[PDB]
Structures are given as structure tokens and as C-alpha cells.
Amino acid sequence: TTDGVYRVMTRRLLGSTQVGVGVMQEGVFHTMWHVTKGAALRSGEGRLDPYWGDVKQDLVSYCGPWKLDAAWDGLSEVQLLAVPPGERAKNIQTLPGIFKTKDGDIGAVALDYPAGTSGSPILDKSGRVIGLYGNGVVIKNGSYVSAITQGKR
């Protein structure tokens, strides 16, 4: 239950497989819906039950409501704390681009990691989580760009 970044694992496939990542903050676990499909999670001998989720936002929280409310400032570089399958956590600094939608603008990071890295946090210079990595699009040249996906608190 300590604050920090966590791997989401399953043993129902061959070996142990990392299906994603998430953030423990203020007693609540935060990840992307497509990682868990809203299923319960085990932490040691304890169980974490889903509390809130939304397929369209592609987010889910466990044990309480969504706690992360920092937002990209629109101007400064950020850091992806990528936690790739089988690999040490590592910070990658980048200047976000922008997803333009009919409903407004969203920051986006042009960084490409395995699908199991979904749910890794994106941070501002104060260390606050401004969103989660892993819901995005493939652009004309074939590379991957993730929205900075943030919930509501």
C-alpha cells in the first residue's frame, strides 16, 4: 500500500506477464481501464476492489475515488516514468505535443513502449502525476503517440 509506481501482473498466461502499470497515491490505486478491464487486484495477501471507472476515459481506480488532479501546464517538459515489462523503471523527459479534439486539447507524449507499460505515470517538475501513459494513436509514419490521460478529482 505504499505510495509509488507498481507493475500489474498476471499468471494466467505463460509464466508471469506484465499487463500494465499504475499509481498508488493516498490509498488509491490508479491505472488504465484497458489494463485490468475493471477486475479485482491482489496486493500481497490483500485484495483491491474497483471503485470507479470509465471505458471512454480509459481509467479505473481501486479502494477509493480518483485522486490525481495535476495537469500539464501546456509549456514545460514532462517525464514519463516508464516501467517496461521485465525492466527497471526509468524516467524519460520530453516536451509533449497536443491531441486536438472537438472537445478541447489534450497533451500527448511521442514515446513508444510495449503495451505492458500502459498505466505508467507522466510527471511534472514537482513530481505530481499529470496523467497516465498508454491510450493513444499511431501516426502517419507508424510511430506511437500517447495521450496524457488524466481523471477528475
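Numbers follow the displayed sequence, beginning with 1.
Where the other entries of this protein model the residues before and after it, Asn141 is dropped from at least a third of them.
When the other compared entries with both flanking residues are checked, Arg12 is unmodelled in at least a third. Just going by the entry, 9-17 versus 131-139 on mean CA temperature factor gives the higher value to 9-17. Stretches compared: 37-45, 64-72. Higher mean C-alpha B-factor in the entry: 37-45.
Comparing C-alpha B-factors across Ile122, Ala115, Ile98, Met32 in the deposited entry, the largest value falls on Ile98. When all modelled residues of the chain are sorted by CA temperature factor, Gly104 is found within the highest third. Annotation for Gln57: C-alpha temperature factor in the lowest third relative to the rest of the modelled chain, per the entry.
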